[PDB]
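Trainee: please find the sequence and an experimentally derived structure below.
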Amino acid sequence: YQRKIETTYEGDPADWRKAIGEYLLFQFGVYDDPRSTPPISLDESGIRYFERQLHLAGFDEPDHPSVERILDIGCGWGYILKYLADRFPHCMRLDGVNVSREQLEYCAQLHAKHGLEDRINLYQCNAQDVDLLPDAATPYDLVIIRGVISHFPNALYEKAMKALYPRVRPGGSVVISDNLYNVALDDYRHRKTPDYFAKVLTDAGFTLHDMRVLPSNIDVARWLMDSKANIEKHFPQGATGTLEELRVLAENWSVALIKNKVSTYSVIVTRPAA
Ligand SMILES: Nc1ncnc2c1ncn2[C@@H]1O[C@H](CSCC[C@H](N)C(=O)O)[C@@H](O)[C@H]1O
Ligand code: NA
Ligand code: NA
């Protein structure tokens, strides 16, 4: 299982920057932010989407909880952790978990470029093993799971949430983005529905704060077709590996989004007080 994930994300980050943007954010974007000046890049749409999730989780309210420890589960190429270090300058502990050694090497380089290595800790760790993270005595105020659970089988997703719940502070937020199938059954010719997806979280003990389609189907399609155009512009001789797979997937996934067969969801849950 884990070797397949490692193979998927082992490619040169410089090639990925040409495909998905300089920030290497890989869970779509929003094209509706009044602060965005068109044309809207993948970097811009991705960050504005993440900012909208933090807004929906209550972090623009002046009396939100003090963000003292952060976890990013499946932290990709590390820009969400960089953004969060800038967003919460008083947060002196941000932890990233990832199975991809190539992505973690890039994360360490990005964080070192910004002098963030004393605030951001990196762990080569499966999501199911978050119970192994150091200092259980300091719970997490904010946990990010951005485009990761779609890579998990149902047993792994349930096991990971069971491991995560004790590590979240009461009143702390888990801010999730994932790619779901809108209906349980489609014509014959890691599938999760919204009801199933939310029930894993509430069964684990979390309380729903907000769940909605975000980005919109047409915004996810825009992100995919802009990434496809980037790959075709920057690899005119032909793409290889995961970037060729993304180029092909962009059209098929965009069609499914236009037909409303699949959507991307923002899912925010909190740990309740005992
Ligand atoms: N079981 C697992 N445990 C930890 N990380 C996992 C995982 N399965 C997938 N991943 C990681 O999940 C990420 C999916 S891509 C999304 C990356 C990042 N969160 C972003 O929003 O840009 C990759 O970093 C991949 O290596
Ligand atoms: Na390159
Ligand atoms: Na690896």
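Mentor: It's in. Numbers count the residues shown, from 1 in each chain. Ligands and ions are numbered 1, 2, ... in the order given.
Trainee: flag every residue of the stretch 51-200 of the chain that's near ligand 3.
Mentor: 100, 101 (CB under 5 Å from the ion). For the C-beta atoms, the positions are set from N, CA and C on the backbone; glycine is no exception.
Trainee: what residues does the stretch 101-250 of the chain have near ligand 1?
Mentor: Within the stretch 101-250 of the chain, the positions adjacent to ligand 1 are 103, 126, 127, 146, 147, 148, 151, 152 by CB under 6 Å from any ligand atom.
Trainee: quick one: the second one and residue 2 touch, right?
Mentor: Pointing back at residue 126 there. Yes - judged on CB atoms under 8 Å, residue 126 makes contact with residue 2 at a distance of 6.4 Å.
Trainee: joint contacts of those two?
Mentor: Counting by CB atoms under 8 Å, 6 or more residues apart in numbering, the common neighbours of residue 126 and residue 2 are residue 99.
Trainee: who's more crowded, the two?
Mentor: residue 126 (21 against 9; other CB atoms under 10 Å).
Trainee: and that one, what is it in contact with?
Mentor: 2, 97, 99.
Trainee: those helices in the stretch 51-200 of the chain, which residues are they?
Mentor: 79-87, 101-113, 154-164, 194-204 (DSSP state H, counting those that start in this stretch).
Trainee: to ligand 2, which of those helices lies closest?
Mentor: helix 101-113 (13.0 Å; CB to the ion).
Trainee: that closest one - contacts with which helices or strands?
Mentor: On a contact count with 3 or more CB pairs under 8 Å, 6 or more residues apart in numbering; DSSP states H and E, helix 101-113 meets helix 79-87, strand 94-98, strand 120-124.
Trainee: what sits up against that helix?
Mentor: 6, 9-11, 13, 24, 75-79, 81-82, 85, 96, 98, 117, 120, 122, 124.
Trainee: can I get the buried part of those as one PyMOL selection?
Mentor: In PyMOL syntax, the buried subset of the contacts of helix 101-113 is picked out as below (16 or more other CB atoms under 10 Å):
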select buried, resi 6+9+13+24+75+76+77+78+79+81+82+85+96+98+120+122
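Trainee: what sits against the nearest residue to residue 164 once chain neighbours are set aside?
Mentor: What sits nearest to residue 164 in space, not counting adjacent residues and going by CB to CB, 6 or more residues apart in numbering, is residue 130, at 5.3 Å. Residues near residue 130 by CB under 8 Å, 6+ apart: 71, 73, 97, 160, 163, 164, 167.
Trainee: try 6 Å
Mentor: Counting by CB atoms under 6 Å, 6 or more residues apart in numbering, residue 130 makes contact with 163, 164, 167.
Trainee: the nearest residue to the first one once chain neighbours are set aside: neighbour count?
Mentor: Excluding its sequence neighbours, the residue lying closest to residue 163 (CB to CB, 6+ apart) is residue 131, at 4.3 Å. The local packing of residue 131 (other CB under 10 Å) involves 14 other residues.
Trainee: next one: residue 183
Mentor: Residue 183, neighbours per other CB under 10 Å, totals 10.
Trainee: repeat for residue 138
Mentor: 13.
Trainee: and if you look at residue 228?
Mentor: Residue 228: 20 neighbours (other CB under 10 Å).
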